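See below for my_file_39.txt, which holds compact mmCIF, C-alpha atoms and all ligand atoms.
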```
# COMPACT_ATOMS: atom_id res chain seq x y z
CA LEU A 4 -46.92 -35.22 10.52
CA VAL A 5 -48.45 -38.11 8.63
CA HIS A 6 -51.67 -38.01 6.60
CA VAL A 7 -52.79 -41.47 5.75
CA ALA A 8 -55.23 -41.90 2.80
CA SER A 9 -58.46 -43.60 4.02
CA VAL A 10 -60.96 -44.69 1.36
CA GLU A 11 -64.47 -43.32 2.00
CA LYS A 12 -66.24 -46.33 3.47
CA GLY A 13 -67.52 -48.78 0.93
CA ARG A 14 -66.55 -46.69 -2.14
CA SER A 15 -64.99 -47.91 -5.35
CA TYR A 16 -64.15 -46.60 -8.82
CA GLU A 17 -67.73 -46.40 -10.00
CA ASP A 18 -68.76 -44.20 -7.06
CA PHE A 19 -66.08 -41.71 -8.01
CA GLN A 20 -66.92 -41.94 -11.73
CA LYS A 21 -70.44 -40.80 -10.74
CA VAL A 22 -69.01 -37.74 -8.98
CA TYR A 23 -66.76 -37.02 -12.02
CA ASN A 24 -69.82 -37.31 -14.27
CA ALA A 25 -71.89 -34.89 -12.15
CA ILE A 26 -69.10 -32.32 -12.21
CA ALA A 27 -68.65 -32.87 -16.00
CA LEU A 28 -72.40 -32.48 -16.70
CA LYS A 29 -72.53 -29.30 -14.61
CA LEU A 30 -69.52 -27.92 -16.52
CA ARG A 31 -71.41 -28.48 -19.77
CA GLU A 32 -74.63 -26.94 -18.32
CA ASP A 33 -73.31 -23.80 -16.68
CA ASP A 34 -71.71 -22.49 -19.85
CA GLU A 35 -72.25 -18.72 -19.43
CA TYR A 36 -69.93 -18.19 -16.45
CA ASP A 37 -67.15 -15.59 -16.96
CA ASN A 38 -68.19 -14.44 -20.42
CA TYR A 39 -68.78 -17.95 -21.69
CA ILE A 40 -65.44 -19.37 -20.51
CA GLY A 41 -67.34 -21.75 -18.19
CA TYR A 42 -66.10 -23.11 -14.87
CA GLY A 43 -63.26 -25.39 -16.12
CA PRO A 44 -60.42 -22.94 -15.56
CA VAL A 45 -61.47 -21.76 -12.08
CA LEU A 46 -61.87 -25.44 -10.97
CA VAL A 47 -58.29 -26.14 -12.15
CA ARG A 48 -57.02 -23.17 -10.20
CA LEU A 49 -58.99 -24.23 -7.14
CA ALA A 50 -57.37 -27.72 -7.23
CA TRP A 51 -53.96 -26.09 -7.48
CA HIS A 52 -54.56 -23.58 -4.65
CA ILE A 53 -55.82 -26.18 -2.21
CA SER A 54 -52.70 -28.22 -2.93
CA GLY A 55 -50.17 -25.38 -3.26
CA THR A 56 -50.23 -24.53 0.45
CA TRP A 57 -48.14 -27.63 1.09
CA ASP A 58 -44.78 -27.45 2.80
CA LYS A 59 -42.45 -30.42 2.35
CA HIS A 60 -40.47 -29.47 5.50
CA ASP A 61 -43.27 -30.22 7.99
CA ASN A 62 -46.09 -31.64 5.84
CA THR A 63 -48.43 -28.79 6.74
CA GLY A 64 -50.96 -27.61 4.11
CA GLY A 65 -51.72 -29.58 1.03
CA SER A 66 -54.92 -31.08 -0.36
CA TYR A 67 -55.49 -33.81 2.25
CA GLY A 68 -57.42 -31.94 4.96
CA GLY A 69 -59.96 -30.11 2.81
CA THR A 70 -59.16 -26.92 4.74
CA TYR A 71 -60.19 -24.48 2.01
CA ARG A 72 -63.71 -24.97 3.42
CA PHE A 73 -62.60 -22.91 6.49
CA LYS A 74 -62.84 -19.12 6.59
CA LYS A 75 -59.13 -18.41 7.07
CA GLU A 76 -58.13 -20.13 3.81
CA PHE A 77 -61.34 -19.43 1.93
CA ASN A 78 -60.61 -15.70 2.55
CA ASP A 79 -56.92 -15.78 1.66
CA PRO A 80 -56.38 -12.84 -0.71
CA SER A 81 -54.44 -15.30 -2.92
CA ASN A 82 -57.70 -17.24 -3.27
CA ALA A 83 -59.88 -14.35 -4.46
CA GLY A 84 -62.26 -15.59 -7.19
CA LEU A 85 -62.05 -19.23 -6.11
CA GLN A 86 -65.36 -18.86 -4.25
CA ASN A 87 -67.02 -19.26 -7.71
CA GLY A 88 -65.47 -22.72 -7.89
CA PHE A 89 -66.56 -23.55 -4.34
CA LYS A 90 -70.13 -22.54 -5.18
CA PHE A 91 -70.09 -24.62 -8.33
CA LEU A 92 -69.02 -27.66 -6.30
CA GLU A 93 -71.61 -27.08 -3.55
CA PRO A 94 -74.50 -28.89 -5.27
CA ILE A 95 -72.22 -31.71 -6.26
CA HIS A 96 -71.20 -32.25 -2.61
CA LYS A 97 -74.86 -32.19 -1.67
CA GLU A 98 -75.60 -34.92 -4.18
CA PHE A 99 -72.58 -36.97 -3.01
CA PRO A 100 -72.05 -36.03 0.61
CA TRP A 101 -69.98 -39.16 1.32
CA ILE A 102 -66.95 -37.68 -0.52
CA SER A 103 -64.33 -35.75 1.45
CA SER A 104 -63.76 -32.07 0.75
CA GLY A 105 -60.15 -32.62 -0.38
CA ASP A 106 -61.24 -35.42 -2.64
CA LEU A 107 -63.96 -33.23 -4.15
CA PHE A 108 -61.75 -30.16 -4.69
CA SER A 109 -58.92 -32.19 -6.29
CA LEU A 110 -61.36 -34.26 -8.39
CA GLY A 111 -62.92 -31.04 -9.69
CA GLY A 112 -59.50 -30.11 -11.14
CA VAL A 113 -59.03 -33.49 -12.73
CA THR A 114 -62.51 -33.46 -14.22
CA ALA A 115 -62.02 -29.94 -15.55
CA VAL A 116 -58.70 -30.74 -17.25
CA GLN A 117 -60.12 -33.86 -18.89
CA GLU A 118 -63.38 -32.35 -19.99
CA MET A 119 -61.42 -29.49 -21.57
CA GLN A 120 -59.68 -32.13 -23.78
CA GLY A 121 -56.55 -32.26 -21.62
CA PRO A 122 -54.59 -35.30 -20.66
CA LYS A 123 -55.92 -38.05 -18.47
CA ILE A 124 -54.93 -37.37 -14.86
CA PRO A 125 -54.82 -40.46 -12.64
CA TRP A 126 -56.49 -39.70 -9.34
CA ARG A 127 -56.47 -41.33 -5.93
CA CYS A 128 -59.12 -41.09 -3.25
CA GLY A 129 -58.74 -41.07 0.48
CA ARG A 130 -58.19 -37.49 1.58
CA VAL A 131 -59.80 -36.97 5.01
CA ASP A 132 -61.27 -33.74 6.31
CA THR A 133 -59.15 -32.34 9.19
CA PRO A 134 -60.21 -29.73 11.80
CA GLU A 135 -60.21 -25.96 11.51
CA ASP A 136 -56.98 -25.62 13.49
CA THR A 137 -55.13 -27.53 10.73
CA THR A 138 -55.84 -24.74 8.19
CA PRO A 139 -52.58 -23.24 6.96
CA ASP A 140 -52.06 -19.48 7.33
CA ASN A 141 -52.33 -17.19 4.32
CA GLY A 142 -49.21 -16.37 2.36
CA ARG A 143 -48.09 -19.76 1.12
CA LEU A 144 -49.24 -19.32 -2.48
CA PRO A 145 -46.96 -17.59 -4.97
CA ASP A 146 -46.69 -13.96 -5.93
CA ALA A 147 -47.01 -13.09 -9.67
CA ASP A 148 -44.78 -9.96 -9.69
CA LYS A 149 -41.54 -11.88 -9.37
CA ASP A 150 -38.73 -13.37 -11.45
CA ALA A 151 -37.49 -16.84 -12.45
CA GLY A 152 -35.36 -17.19 -9.32
CA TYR A 153 -38.36 -16.55 -7.12
CA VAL A 154 -40.40 -19.12 -9.11
CA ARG A 155 -37.66 -21.74 -8.84
CA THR A 156 -37.15 -21.28 -5.10
CA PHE A 157 -40.93 -21.13 -4.41
CA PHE A 158 -41.57 -24.47 -6.10
CA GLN A 159 -38.80 -26.23 -4.19
CA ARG A 160 -41.12 -26.02 -1.19
CA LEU A 161 -43.58 -28.17 -3.18
CA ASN A 162 -40.77 -30.55 -4.22
CA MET A 163 -41.12 -29.52 -7.89
CA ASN A 164 -38.11 -29.32 -10.25
CA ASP A 165 -37.64 -27.10 -13.32
CA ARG A 166 -39.50 -29.44 -15.72
CA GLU A 167 -42.34 -29.89 -13.26
CA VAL A 168 -42.59 -26.10 -12.80
CA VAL A 169 -42.66 -25.40 -16.52
CA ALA A 170 -45.18 -28.20 -17.14
CA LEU A 171 -47.52 -27.04 -14.33
CA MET A 172 -47.41 -23.43 -15.58
CA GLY A 173 -48.90 -24.65 -18.89
CA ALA A 174 -52.24 -24.62 -17.13
CA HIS A 175 -52.07 -20.89 -17.88
CA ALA A 176 -53.31 -21.77 -21.33
CA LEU A 177 -56.63 -21.66 -19.48
CA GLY A 178 -58.87 -18.87 -18.42
CA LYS A 179 -57.71 -15.37 -17.56
CA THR A 180 -56.82 -12.90 -14.85
CA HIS A 181 -59.49 -10.58 -13.38
CA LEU A 182 -58.36 -7.17 -12.15
CA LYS A 183 -60.66 -7.28 -9.08
CA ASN A 184 -59.31 -10.70 -8.00
CA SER A 185 -55.53 -10.37 -8.50
CA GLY A 186 -54.66 -6.91 -9.80
CA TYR A 187 -53.98 -8.17 -13.31
CA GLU A 188 -55.79 -7.13 -16.48
CA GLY A 189 -57.04 -10.16 -18.36
CA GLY A 190 -56.39 -10.85 -22.01
CA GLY A 191 -57.76 -13.46 -24.38
CA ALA A 192 -59.03 -16.57 -22.61
CA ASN A 193 -59.30 -20.22 -23.60
CA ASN A 194 -61.21 -23.15 -22.35
CA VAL A 195 -59.54 -25.91 -24.25
CA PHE A 196 -56.44 -27.49 -22.61
CA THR A 197 -53.54 -27.23 -25.07
CA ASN A 198 -49.80 -26.31 -25.18
CA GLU A 199 -50.76 -22.77 -26.31
CA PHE A 200 -49.21 -21.10 -23.25
CA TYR A 201 -45.75 -22.03 -24.62
CA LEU A 202 -46.61 -21.12 -28.20
CA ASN A 203 -47.89 -17.71 -27.01
CA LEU A 204 -44.72 -17.07 -24.95
CA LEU A 205 -42.47 -17.84 -27.98
CA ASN A 206 -44.57 -16.44 -30.88
CA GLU A 207 -46.24 -13.25 -29.72
CA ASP A 208 -44.77 -9.75 -29.72
CA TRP A 209 -44.75 -8.84 -26.02
CA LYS A 210 -44.46 -5.41 -24.42
CA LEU A 211 -44.07 -4.71 -20.72
CA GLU A 212 -46.83 -2.40 -19.42
CA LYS A 213 -48.20 -1.14 -16.11
CA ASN A 214 -51.87 -1.84 -15.59
CA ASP A 215 -54.59 0.15 -13.81
CA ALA A 216 -53.84 -1.60 -10.54
CA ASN A 217 -50.23 -0.39 -10.72
CA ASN A 218 -48.88 -3.83 -11.53
CA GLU A 219 -46.53 -4.78 -14.31
CA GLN A 220 -47.63 -7.32 -16.96
CA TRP A 221 -46.55 -8.30 -20.47
CA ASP A 222 -49.15 -7.56 -23.17
CA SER A 223 -49.22 -8.62 -26.81
CA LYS A 224 -50.42 -6.82 -29.87
CA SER A 225 -52.95 -9.64 -30.39
CA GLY A 226 -54.55 -9.06 -26.95
CA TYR A 227 -52.93 -11.75 -24.75
CA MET A 228 -51.09 -11.15 -21.48
CA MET A 229 -48.41 -12.86 -19.40
CA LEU A 230 -47.73 -12.38 -15.67
CA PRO A 231 -44.13 -11.52 -14.82
CA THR A 232 -43.82 -15.08 -13.42
CA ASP A 233 -45.13 -16.48 -16.73
CA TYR A 234 -42.68 -14.41 -18.76
CA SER A 235 -39.83 -15.44 -16.47
CA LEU A 236 -40.00 -18.83 -18.16
CA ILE A 237 -38.47 -17.30 -21.30
CA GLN A 238 -36.03 -15.03 -19.39
CA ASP A 239 -34.24 -17.95 -17.68
CA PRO A 240 -32.22 -20.17 -20.03
CA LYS A 241 -33.13 -23.41 -18.26
CA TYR A 242 -36.83 -22.65 -18.28
CA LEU A 243 -36.62 -21.43 -21.92
CA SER A 244 -35.30 -24.83 -23.17
CA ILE A 245 -38.29 -26.56 -21.61
CA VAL A 246 -40.78 -23.98 -22.92
CA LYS A 247 -39.43 -24.74 -26.39
CA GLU A 248 -39.75 -28.44 -25.83
CA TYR A 249 -43.40 -28.20 -24.88
CA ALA A 250 -44.17 -25.71 -27.64
CA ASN A 251 -42.86 -28.34 -30.10
CA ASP A 252 -44.29 -31.49 -28.54
CA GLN A 253 -47.95 -31.57 -27.52
CA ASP A 254 -47.85 -35.18 -26.38
CA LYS A 255 -44.78 -34.67 -24.17
CA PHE A 256 -46.46 -31.70 -22.58
CA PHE A 257 -49.60 -33.67 -21.88
CA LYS A 258 -47.70 -36.56 -20.29
CA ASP A 259 -45.45 -34.34 -18.16
CA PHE A 260 -48.40 -32.15 -17.04
CA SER A 261 -50.38 -35.24 -16.07
CA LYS A 262 -47.55 -36.54 -13.86
CA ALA A 263 -46.83 -33.17 -12.23
CA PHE A 264 -50.49 -32.34 -11.62
CA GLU A 265 -51.19 -35.71 -10.01
CA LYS A 266 -48.10 -35.27 -7.85
CA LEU A 267 -49.19 -31.70 -6.86
CA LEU A 268 -52.62 -33.03 -5.86
CA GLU A 269 -51.08 -35.94 -3.84
CA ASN A 270 -48.25 -34.10 -2.04
CA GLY A 271 -48.45 -34.73 1.70
CA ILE A 272 -50.45 -37.99 1.41
CA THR A 273 -49.26 -41.40 2.51
CA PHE A 274 -50.97 -44.10 0.49
CA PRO A 275 -51.02 -47.44 2.28
CA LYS A 276 -49.46 -50.33 0.34
CA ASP A 277 -52.90 -51.94 -0.06
CA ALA A 278 -54.60 -48.72 -1.14
CA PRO A 279 -56.49 -48.92 -4.43
CA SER A 280 -54.60 -48.15 -7.59
CA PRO A 281 -55.17 -44.69 -9.09
CA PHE A 282 -58.38 -44.22 -10.98
CA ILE A 283 -58.47 -43.06 -14.62
CA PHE A 284 -61.88 -41.63 -15.21
CA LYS A 285 -63.67 -41.79 -18.53
CA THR A 286 -64.78 -38.49 -20.01
CA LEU A 287 -68.48 -37.82 -20.79
CA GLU A 288 -67.52 -38.13 -24.43
CA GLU A 289 -65.92 -41.57 -23.92
CA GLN A 290 -69.10 -42.72 -22.14
CA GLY A 291 -71.41 -41.40 -24.88
CA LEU A 292 -73.00 -39.04 -22.27
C1 LIG B 301 -45.83 -18.91 -10.05
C2 LIG B 301 -46.92 -19.66 -10.10
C3 LIG B 301 -48.28 -19.09 -10.38
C4 LIG B 301 -48.71 -17.80 -10.23
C5 LIG B 301 -48.00 -16.55 -9.68
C6 LIG B 301 -50.06 -17.75 -10.65
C7 LIG B 301 -50.84 -16.62 -10.67
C8 LIG B 301 -52.09 -16.56 -11.21
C9 LIG B 301 -52.99 -15.40 -11.22
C10 LIG B 301 -52.55 -14.01 -10.65
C11 LIG B 301 -54.10 -15.70 -11.82
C12 LIG B 301 -55.32 -14.82 -12.04
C13 LIG B 301 -56.38 -14.95 -10.98
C14 LIG B 301 -57.59 -14.05 -11.23
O1 LIG B 301 -57.32 -12.82 -11.38
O2 LIG B 301 -58.74 -14.53 -11.30
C15 LIG B 301 -54.05 -17.11 -12.21
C16 LIG B 301 -55.01 -17.79 -12.85
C17 LIG B 301 -55.04 -19.13 -13.13
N1 LIG B 301 -54.06 -20.03 -12.68
FE1 LIG B 301 -52.24 -19.52 -11.93
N2 LIG B 301 -50.47 -19.01 -11.07
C18 LIG B 301 -49.38 -19.83 -10.94
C19 LIG B 301 -49.41 -21.18 -11.14
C20 LIG B 301 -50.49 -21.91 -11.56
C21 LIG B 301 -50.51 -23.37 -11.60
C22 LIG B 301 -49.32 -24.26 -11.16
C23 LIG B 301 -51.71 -23.74 -12.07
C24 LIG B 301 -52.30 -25.11 -12.23
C25 LIG B 301 -51.68 -26.21 -12.60
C26 LIG B 301 -52.50 -22.57 -12.30
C27 LIG B 301 -53.76 -22.52 -12.85
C28 LIG B 301 -54.40 -21.32 -13.08
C29 LIG B 301 -55.65 -21.25 -13.84
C30 LIG B 301 -56.33 -22.42 -14.52
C31 LIG B 301 -56.05 -19.82 -13.85
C32 LIG B 301 -57.29 -19.26 -14.55
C33 LIG B 301 -58.45 -19.05 -13.57
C34 LIG B 301 -59.63 -18.38 -14.19
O3 LIG B 301 -59.76 -18.22 -15.38
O4 LIG B 301 -60.51 -18.02 -13.33
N3 LIG B 301 -51.72 -21.47 -11.98
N4 LIG B 301 -52.83 -17.58 -11.79
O1 LIG B 302 -51.47 -16.94 -22.67
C1 LIG B 302 -52.44 -17.12 -21.94
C2 LIG B 302 -53.58 -17.72 -22.49
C3 LIG B 302 -54.84 -17.32 -21.74
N1 LIG B 302 -54.65 -17.48 -20.29
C4 LIG B 302 -53.44 -17.07 -19.74
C5 LIG B 302 -52.35 -16.88 -20.57
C6 LIG B 302 -51.15 -16.48 -20.01
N2 LIG B 302 -51.06 -16.26 -18.63
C7 LIG B 302 -52.12 -16.44 -17.83
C8 LIG B 302 -52.01 -16.22 -16.47
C9 LIG B 302 -53.10 -16.41 -15.64
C10 LIG B 302 -54.31 -16.82 -16.18
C11 LIG B 302 -54.43 -17.04 -17.54
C12 LIG B 302 -53.33 -16.85 -18.37
```
In C-alpha cells, how does this file's structure come out?
Ligand code: HEM
Ligand SMILES: O=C1CCNc2c1cnc1ccccc21
Amino acid sequence: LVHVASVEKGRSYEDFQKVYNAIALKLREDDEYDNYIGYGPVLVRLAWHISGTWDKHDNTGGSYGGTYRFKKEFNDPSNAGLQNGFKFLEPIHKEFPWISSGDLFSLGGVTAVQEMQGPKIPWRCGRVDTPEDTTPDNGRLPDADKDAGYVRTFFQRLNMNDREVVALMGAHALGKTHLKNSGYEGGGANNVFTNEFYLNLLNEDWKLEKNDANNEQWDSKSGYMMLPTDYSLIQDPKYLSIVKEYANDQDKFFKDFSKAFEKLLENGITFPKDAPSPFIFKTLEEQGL
C-alpha cells in the first residue's frame, strides 16, 4: 500500500503560506472559544488524530487520505470534540478549495503550534483525498487509562521511540480535557506552546483521584491534572530521564518536538525524489501581519 505525495496542481510555497495566514488570522479572531483558550489546542489535537490512525504494518490510516471528513472517523468516540476544529477549518477550505483535506488538517496543526509560539514545523504538501472505503475503523487511537508499557507498545505502531513519545506528549502543555468529550475533568489550560508539561509533571504535588465519570486522573493542589498516560512518563525510569531532559532544556524540546511532529504528520507518505523541499512557514508576527 503506497501513498505517493502529489502536489496540488500549480501550487507552490506562497499558495500554502496564504492558507497558513488565513488559519493564523482566524485563530487570532475567534479568541473566545473554550473559555478564551482559542482554537490552537484543538487544531493540534486534530492534526494528531488524523495522523495517529496510521499502522506501519500495512500502511492503512494516517494523514494522507483526508478520511476524517467521512462519518465513520468523524464519529469515532476517540475524536469527540474535534468537530470544533473541523468547523473552524470549514471556511478556510471554502476560501482555498484547491487544498486537499489531509493537507489542510495537518497544516492546521502546524499553524497552531507556530502561532502559539512553538517551534517551526517543516511541512510538506501532497496528501491526496482517498475514498470513503479507505477510512480506518475506530479504535486505533490510544486509551488514556493505561500505563507506560501500554504507551510504549502503542507508539511502536506509529514507529515512534521513547524520545519521540515523550517529545510528542509535550503537546499536553496545551488546552485541556472536557468531561463530556473524554471522561476526564479538565484543569488549568494554556495556549502558549512551552515545555510546561514536563515542569508540571516534576514540580507539582500530584494526588490520584477518581472523577465524576468514574475515571482515574492525577490532580494537583494548584488545579492542574494529568491523565494516567501522562503520569506514566514519570513512573517509567526511561521516560522519566527524558521528561527531566525536556524540563531542563527548552530548545532541545522544541527541536525534538518539531522532528517528531513532522514525522507523525508524514507517516505513510512516499515523497518522490523530485518533490519540493519541506516548507517553513513564516508566522503572522514574522510577516508584520
Ligand atoms: C497516549 C497518548 C495520548 C493520549 C491517551 C491522549 C489523550 C488525550 C485526551 C483524553 C485529551 C482530552 C480530550 C478532550 O476531553 O477534549 C487530550 C487532549 C489533547 N491532546 Fe492528547 N493524548 C495523547 C497524545 C497526544 C499527542 C501525541 C498530541 C499531539 C502532539 C496530543 C495533543 C493534544 C492536545 C493539543 C489536547 C488539547 C485539546 C483541547 O484543548 O481541546 N495528544 N489528549
Ligand atoms: O499539565 C497540563 C497543562 C494543561 N494541559 C494539559 C496538561 C496535562 N495533561 C493534559 C492532557 C490532555 C490535555 C491537556 C493537558
### Message
Please list as a ChimeraX atom specification every residue within 10 Å of residue A:28, counting only C-alpha atoms and excluding residues in the same chain fewer than 5 positions away.
### Response
/A:22-23,33,118,287,292
### Interatomic distance (Å, one decimal) between atom CA of residue A:37 and atom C3 of ligand LIG 302 (chain B)
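The value is 13.3 Å.
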With 9 Å as the cut-off and all atoms listed in the file counted, what is the closest atom pair between each nearby residue of stretch 144-188 of chain A and stretch 218-221 of chain A? Distances in Å to one decimal, ordered by chain and number, as a Markdown table.
```
| residue | atom | partner | partner_atom | distance |
| --- | --- | --- | --- | --- |
| A:148 | CA | A:219 | CA | 7.2 |
| A:186 | CA | A:218 | CA | 6.8 |
| A:187 | CA | A:218 | CA | 6.9 |
| A:188 | CA | A:220 | CA | 8.2 |
```
### Task
List all protein, DNA and RNA residues that have any atom at most 6 Å from ligand LIG 301 (chain B), counting only C-alpha atoms and all ligand atoms, and write the list as a list in words.
residues 44, 45, 47, 48, 51, 84, 145, 146, 147, 154, 171, 172, 174, 175, 177, 178, 179, 180, 181, 182, 184, 185 and 232 of chain A
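For the set A:226, A:41, A:88, A:291, the residue with the smallest atom-to-atom gap to residue A:53 is A:88, counting only C-alpha atoms.
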